[PDB]
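Structure file data20.txt with compact mmCIF, C-alpha atoms:
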```
# COMPACT_ATOMS: atom_id res chain seq x y z
CA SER A 2 -103.51 -39.75 -32.57
CA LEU A 3 -105.38 -41.05 -29.49
CA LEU A 4 -107.25 -37.81 -28.80
CA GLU A 5 -107.90 -35.81 -31.97
CA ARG A 6 -106.85 -35.21 -35.57
CA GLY A 7 -105.42 -31.69 -35.72
CA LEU A 8 -102.02 -31.20 -37.29
CA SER A 9 -98.87 -30.23 -35.42
CA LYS A 10 -96.64 -27.90 -37.42
CA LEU A 11 -92.92 -27.52 -36.81
CA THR A 12 -91.68 -24.56 -34.79
CA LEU A 13 -88.30 -22.86 -35.22
CA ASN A 14 -87.26 -21.25 -31.94
CA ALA A 15 -84.22 -18.98 -31.73
CA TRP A 16 -81.97 -17.70 -28.95
CA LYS A 17 -78.87 -15.60 -28.77
CA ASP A 18 -76.57 -17.40 -26.33
CA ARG A 19 -75.62 -21.07 -26.39
CA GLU A 20 -78.15 -21.79 -23.63
CA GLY A 21 -81.83 -20.88 -23.42
CA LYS A 22 -81.46 -17.72 -21.34
CA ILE A 23 -81.92 -15.03 -24.02
CA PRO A 24 -84.81 -15.78 -26.42
CA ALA A 25 -84.86 -14.28 -29.91
CA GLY A 26 -87.89 -14.60 -32.21
CA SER A 27 -89.70 -17.86 -32.87
CA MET A 28 -91.78 -18.88 -35.89
CA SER A 29 -93.91 -21.88 -36.75
CA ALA A 30 -93.86 -22.81 -40.43
CA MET A 31 -96.92 -24.02 -42.31
CA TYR A 32 -96.80 -26.81 -44.92
CA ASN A 33 -94.68 -29.50 -43.19
CA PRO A 34 -91.52 -30.70 -45.00
CA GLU A 35 -92.80 -34.17 -46.28
CA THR A 36 -89.28 -35.56 -45.52
CA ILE A 37 -86.52 -34.80 -43.05
CA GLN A 38 -82.98 -36.13 -43.26
CA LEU A 39 -80.27 -36.15 -40.63
CA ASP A 40 -76.85 -37.40 -41.74
CA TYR A 41 -74.26 -38.64 -39.27
CA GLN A 42 -70.60 -39.04 -40.18
CA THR A 43 -67.50 -40.12 -38.24
CA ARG A 44 -63.99 -39.66 -39.62
CA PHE A 45 -61.40 -42.42 -39.22
CA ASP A 46 -57.73 -42.46 -40.23
CA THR A 47 -55.84 -45.68 -40.94
CA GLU A 48 -52.76 -46.53 -38.89
CA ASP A 49 -49.81 -46.98 -41.26
CA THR A 50 -47.67 -48.68 -38.63
CA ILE A 51 -44.36 -50.14 -39.77
CA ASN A 52 -44.57 -53.21 -37.52
CA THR A 53 -47.28 -54.83 -39.74
CA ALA A 54 -48.74 -56.89 -36.90
CA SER A 55 -52.26 -55.49 -37.22
CA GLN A 56 -54.58 -53.46 -39.43
CA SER A 57 -56.56 -50.75 -37.64
CA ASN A 58 -57.81 -47.20 -37.92
CA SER B 141 -10.66 -34.48 -6.95
CA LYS B 142 -11.04 -31.12 -5.27
CA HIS B 143 -10.54 -27.96 -7.28
CA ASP B 144 -7.90 -25.41 -6.43
CA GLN B 145 -9.48 -22.47 -8.24
CA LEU B 146 -12.55 -22.30 -10.40
CA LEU B 147 -13.89 -18.95 -11.58
CA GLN B 148 -17.28 -17.98 -12.99
CA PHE B 149 -16.52 -14.77 -14.94
CA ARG B 150 -19.94 -13.10 -15.54
CA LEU B 151 -21.51 -16.34 -16.92
CA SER B 152 -25.31 -16.96 -17.16
CA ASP B 153 -25.03 -19.57 -14.24
CA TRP B 154 -26.64 -22.19 -16.57
CA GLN B 155 -23.92 -21.51 -19.21
CA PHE B 156 -21.43 -22.32 -16.44
CA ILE B 157 -23.09 -25.68 -15.67
CA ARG B 158 -23.08 -27.21 -19.13
CA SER B 159 -19.55 -25.95 -19.66
CA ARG B 160 -18.70 -27.77 -16.42
CA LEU B 161 -20.64 -30.94 -17.32
CA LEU B 162 -18.65 -31.13 -20.56
CA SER B 163 -15.38 -31.11 -18.59
CA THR B 164 -16.50 -33.71 -16.03
CA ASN B 165 -17.88 -36.50 -18.32
CA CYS B 166 -21.46 -36.17 -17.02
CA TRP B 167 -24.82 -35.26 -18.54
CA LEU B 168 -27.82 -33.73 -16.79
CA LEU B 169 -30.90 -36.00 -17.33
CA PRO B 170 -33.51 -33.35 -16.40
CA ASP B 171 -36.88 -34.59 -15.23
CA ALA B 172 -40.17 -32.87 -15.88
CA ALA B 173 -43.03 -33.20 -13.34
CA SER B 174 -40.50 -32.67 -10.53
CA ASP B 175 -37.54 -30.58 -9.44
CA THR B 176 -35.26 -33.63 -9.26
CA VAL B 177 -32.24 -33.89 -11.57
CA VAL B 178 -30.09 -37.04 -11.73
CA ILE B 179 -26.60 -36.11 -12.95
CA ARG B 180 -24.98 -39.33 -14.16
CA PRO B 181 -21.76 -39.99 -16.10
CA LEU B 182 -21.59 -40.96 -19.76
CA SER B 183 -21.65 -44.75 -19.73
CA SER B 189 -33.11 -52.10 -22.39
CA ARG B 190 -36.72 -52.25 -23.58
CA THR B 191 -36.52 -54.13 -26.94
CA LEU B 192 -38.99 -52.42 -29.22
CA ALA B 193 -39.23 -54.70 -32.30
CA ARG B 194 -41.19 -54.87 -35.62
CA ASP B 195 -42.75 -58.22 -34.53
CA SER B 196 -43.61 -56.94 -30.98
CA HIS B 197 -47.35 -56.21 -30.37
CA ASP B 198 -46.85 -53.88 -27.31
CA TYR B 199 -45.35 -50.79 -29.05
CA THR B 200 -46.65 -49.48 -32.43
CA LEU B 201 -43.99 -47.75 -34.57
CA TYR B 202 -44.48 -45.10 -37.22
CA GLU B 203 -41.11 -43.63 -38.27
CA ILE B 204 -37.44 -44.34 -37.44
CA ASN B 205 -35.00 -41.68 -38.66
CA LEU B 206 -31.30 -42.28 -37.96
CA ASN B 207 -28.53 -40.12 -39.41
CA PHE B 208 -25.24 -42.12 -39.02
CA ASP B 209 -22.75 -39.31 -39.57
CA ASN B 210 -18.98 -39.52 -39.12
CA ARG B 211 -17.79 -35.97 -39.86
CA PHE B 212 -17.34 -34.75 -36.29
CA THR B 213 -16.40 -38.11 -34.71
CA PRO B 214 -12.68 -38.55 -34.05
CA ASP B 215 -10.87 -41.57 -32.66
CA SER B 216 -8.30 -40.21 -30.19
CA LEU B 217 -8.78 -36.88 -28.32
CA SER B 218 -5.12 -36.78 -27.28
CA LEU B 219 -5.23 -33.75 -24.98
CA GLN B 220 -2.30 -32.39 -23.02
CA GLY B 221 -1.30 -29.21 -21.25
CA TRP B 222 1.60 -27.23 -19.86
CA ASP B 223 2.61 -28.34 -16.38
CA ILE B 224 3.97 -25.28 -14.59
CA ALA B 225 5.95 -27.21 -11.99
CA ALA B 226 7.54 -29.83 -14.27
CA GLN B 227 7.60 -28.02 -17.66
CA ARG B 228 7.33 -31.20 -19.71
CA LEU B 229 3.93 -30.53 -21.40
CA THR B 230 2.23 -33.53 -19.71
CA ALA B 231 2.25 -36.93 -21.44
CA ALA B 232 -0.42 -37.45 -24.07
CA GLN B 233 -3.54 -39.09 -22.63
CA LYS B 234 -5.02 -40.69 -25.74
CA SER B 235 -8.56 -42.03 -25.40
CA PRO B 236 -9.49 -45.11 -27.43
CA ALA B 237 -12.48 -45.11 -29.71
CA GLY B 238 -14.71 -48.08 -29.03
CA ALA B 239 -15.15 -47.25 -25.35
CA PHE B 240 -18.59 -45.75 -24.64
CA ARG B 241 -20.36 -46.90 -27.77
CA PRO B 242 -23.80 -45.22 -27.93
CA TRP B 243 -24.81 -47.21 -31.03
CA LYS B 244 -23.93 -50.90 -30.81
CA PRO B 245 -24.71 -52.59 -34.15
CA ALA B 246 -26.16 -56.09 -34.21
CA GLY B 247 -24.40 -57.21 -37.39
CA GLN B 257 -8.48 -39.53 -37.90
CA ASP B 258 -6.91 -38.44 -34.60
CA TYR B 259 -7.90 -35.28 -32.73
CA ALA B 260 -5.17 -33.62 -30.68
CA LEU B 261 -4.76 -30.25 -28.97
CA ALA B 262 -2.15 -28.92 -26.60
CA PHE B 263 -2.81 -26.01 -24.26
CA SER B 264 -0.50 -23.37 -22.81
CA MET B 265 -2.08 -24.10 -19.44
```

Is it possible to give me this structure as structure tokens?
Amino acid sequence: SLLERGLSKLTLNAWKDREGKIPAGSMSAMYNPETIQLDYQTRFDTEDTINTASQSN
Amino acid sequence: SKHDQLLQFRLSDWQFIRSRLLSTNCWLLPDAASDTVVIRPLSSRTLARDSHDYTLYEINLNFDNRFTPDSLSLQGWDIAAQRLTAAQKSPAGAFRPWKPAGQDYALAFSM
């Protein structure tokens, strides 16, 4: 808000390299998603140590 | 003791060393991260199940006794005396690599 009430669509920009040096095409998509979702996940493995002093992963 | 006559007959020059360490009762102890080798004759840290400092995962130990004799009574032909020099038997139980907490090998050479 704070200035006006026009929508801001999402824009999908594309490149070719890892960095931003070589731009490919770039579209903005109408009809916003209603919901995004970004899932994080970290993999842990349990230490099966024979000494049995501690439990850890 | 000083040698009278060695001979390296077309050996690799590394093949000659560990055939000369076997006849001298020494092993190499090579060190990475350097060019320093400490040759030391065949002669603690106490990692334990209770101990916190070192974490253990697997302890394989084979405990074989096929190729482990008790004597090594070796002897050879003395050219000067011609008696086939008296048998130097070596006792088993000297240089014990595994010390627990709880057959006689014999050659004779013509030389």

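Separating CA of residue 219 in chain B from CA of residue 141 in chain B is a distance of 18.8 Å.
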
Review point. Of the residues B:183, B:165, B:196, B:227, which is the one nearest to chain A, using all atoms listed in the file?
Key: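 Nearest to chain A: B:196.
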
Where does chain A meet chain B within 6 Å, residue by residue, with the nearest atom pair and distance in Å to one decimal for each, counting all atoms listed in the file, listed by chain and rising number, as JSON lines?
```
{"residue": "A:50", "atom": "CA", "partner": "B:202", "partner_atom": "CA", "distance": 5.0}
{"residue": "A:51", "atom": "CA", "partner": "B:202", "partner_atom": "CA", "distance": 5.6}
{"residue": "A:52", "atom": "CA", "partner": "B:194", "partner_atom": "CA", "distance": 4.2}
```

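Rounded to one decimal, CA of residue 215 in chain B and CA of residue 239 in chain B lie 10.2 Å from each other.
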
Check your understanding: Could you work out how far CA of residue 159 in chain B lies from CA of residue 226 in chain B, giving the answer in Å with one decimal?
Key ->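 According to the coordinates, CA of residue 226 in chain B and CA of residue 159 in chain B are separated by 27.9 Å.
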
Exercise for review: Please provide as JSON, numbers by chain all residues within 8 Å of residue 28 in chain A, with the sequence filter that same-chain residues fewer than 6 positions apart are discarded (counting only C-alpha atoms).
Suggested key: {"A": [12, 13, 14]}

Practice item. Name all residues at most 10 Å from residue 229 in chain B (count all atoms listed in the file; drop same-chain ones fewer than 4 positions away) and give them as a ChimeraX atom specification. Key: /B:220-224,262-265

Selection export as a JSON list (two decimals), keeping the file's coordinate frame, atoms kept: C-alpha atoms:
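Below is the file that was written, out-v8.json:
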```json
[["chain", "number", "residue", "atom", "x", "y", "z"],
["B", 220, "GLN", "CA", -2.30, -32.39, -23.02],
["B", 221, "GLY", "CA", -1.30, -29.21, -21.25],
["B", 222, "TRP", "CA", 1.60, -27.23, -19.86],
["B", 223, "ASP", "CA", 2.61, -28.34, -16.38],
["B", 224, "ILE", "CA", 3.97, -25.28, -14.59],
["B", 262, "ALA", "CA", -2.15, -28.92, -26.60],
["B", 263, "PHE", "CA", -2.81, -26.01, -24.26],
["B", 264, "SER", "CA", -0.50, -23.37, -22.81],
["B", 265, "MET", "CA", -2.08, -24.10, -19.44]]
```

How big is the axis-aligned box around the listed atoms of range 22-40 of chain A once 6 Å is added on each side, and where is its centre? Give both in Å to one decimal, as JSON.
```
{"center_x": -86.9, "center_y": -25.8, "center_z": -33.8, "size_x": 32.1, "size_y": 35.1, "size_z": 36.9}
```

What would range 204-262 of chain B look like if you wrote it out as a PDB file, in the first residue's frame, with C-alpha atoms included, from the block I just posted?
```pdb
ATOM      1  CA  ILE B 204      36.805 -52.955  15.856  1.00  0.00           C
ATOM      2  CA  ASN B 205      37.784 -55.868  13.612  1.00  0.00           C
ATOM      3  CA  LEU B 206      40.541 -58.180  14.880  1.00  0.00           C
ATOM      4  CA  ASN B 207      41.479 -61.442  13.173  1.00  0.00           C
ATOM      5  CA  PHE B 208      43.538 -63.484  15.735  1.00  0.00           C
ATOM      6  CA  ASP B 209      45.080 -66.035  13.377  1.00  0.00           C
ATOM      7  CA  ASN B 210      47.747 -68.591  14.269  1.00  0.00           C
ATOM      8  CA  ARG B 211      48.443 -70.337  10.952  1.00  0.00           C
ATOM      9  CA  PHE B 212      51.642 -68.526  10.000  1.00  0.00           C
ATOM     10  CA  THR B 213      52.948 -67.882  13.536  1.00  0.00           C
ATOM     11  CA  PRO B 214      55.712 -70.250  14.649  1.00  0.00           C
ATOM     12  CA  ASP B 215      57.462 -70.419  18.003  1.00  0.00           C
ATOM     13  CA  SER B 216      61.159 -70.945  17.234  1.00  0.00           C
ATOM     14  CA  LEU B 217      62.789 -69.734  13.965  1.00  0.00           C
ATOM     15  CA  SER B 218      65.880 -71.863  14.550  1.00  0.00           C
ATOM     16  CA  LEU B 219      68.028 -70.627  11.665  1.00  0.00           C
ATOM     17  CA  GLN B 220      71.562 -71.746  10.924  1.00  0.00           C
ATOM     18  CA  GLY B 221      74.006 -71.713   8.056  1.00  0.00           C
ATOM     19  CA  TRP B 222      77.176 -73.240   6.680  1.00  0.00           C
ATOM     20  CA  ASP B 223      80.317 -71.665   8.116  1.00  0.00           C
ATOM     21  CA  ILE B 224      82.989 -71.886   5.425  1.00  0.00           C
ATOM     22  CA  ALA B 225      85.938 -71.526   7.798  1.00  0.00           C
ATOM     23  CA  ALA B 226      84.793 -73.915  10.536  1.00  0.00           C
ATOM     24  CA  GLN B 227      82.489 -76.321   8.613  1.00  0.00           C
ATOM     25  CA  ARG B 228      80.291 -77.093  11.594  1.00  0.00           C
ATOM     26  CA  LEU B 229      76.967 -75.659  10.261  1.00  0.00           C
ATOM     27  CA  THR B 230      76.760 -72.958  13.000  1.00  0.00           C
ATOM     28  CA  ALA B 231      74.939 -73.726  16.259  1.00  0.00           C
ATOM     29  CA  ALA B 232      71.178 -73.317  16.186  1.00  0.00           C
ATOM     30  CA  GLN B 233      70.092 -69.849  17.320  1.00  0.00           C
ATOM     31  CA  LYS B 234      66.555 -70.541  18.483  1.00  0.00           C
ATOM     32  CA  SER B 235      64.411 -67.489  19.199  1.00  0.00           C
ATOM     33  CA  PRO B 236      61.814 -67.755  21.975  1.00  0.00           C
ATOM     34  CA  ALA B 237      58.197 -66.931  21.346  1.00  0.00           C
ATOM     35  CA  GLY B 238      56.894 -64.492  23.910  1.00  0.00           C
ATOM     36  CA  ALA B 239      59.560 -61.890  23.187  1.00  0.00           C
ATOM     37  CA  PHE B 240      58.189 -58.973  21.141  1.00  0.00           C
ATOM     38  CA  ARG B 241      54.504 -59.501  21.818  1.00  0.00           C
ATOM     39  CA  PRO B 242      52.483 -57.167  19.556  1.00  0.00           C
ATOM     40  CA  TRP B 243      49.181 -58.167  21.191  1.00  0.00           C
ATOM     41  CA  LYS B 244      49.356 -58.314  24.977  1.00  0.00           C
ATOM     42  CA  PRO B 245      46.058 -59.672  26.349  1.00  0.00           C
ATOM     43  CA  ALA B 246      44.591 -58.239  29.533  1.00  0.00           C
ATOM     44  CA  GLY B 247      43.086 -61.497  30.797  1.00  0.00           C
ATOM     45  CA  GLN B 257      55.236 -75.807  16.174  1.00  0.00           C
ATOM     46  CA  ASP B 258      58.908 -75.006  15.533  1.00  0.00           C
ATOM     47  CA  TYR B 259      60.186 -73.387  12.335  1.00  0.00           C
ATOM     48  CA  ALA B 260      63.712 -74.332  11.272  1.00  0.00           C
ATOM     49  CA  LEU B 261      65.773 -73.906   8.114  1.00  0.00           C
ATOM     50  CA  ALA B 262      69.419 -74.521   7.370  1.00  0.00           C
TER      51      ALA B 262
END
```
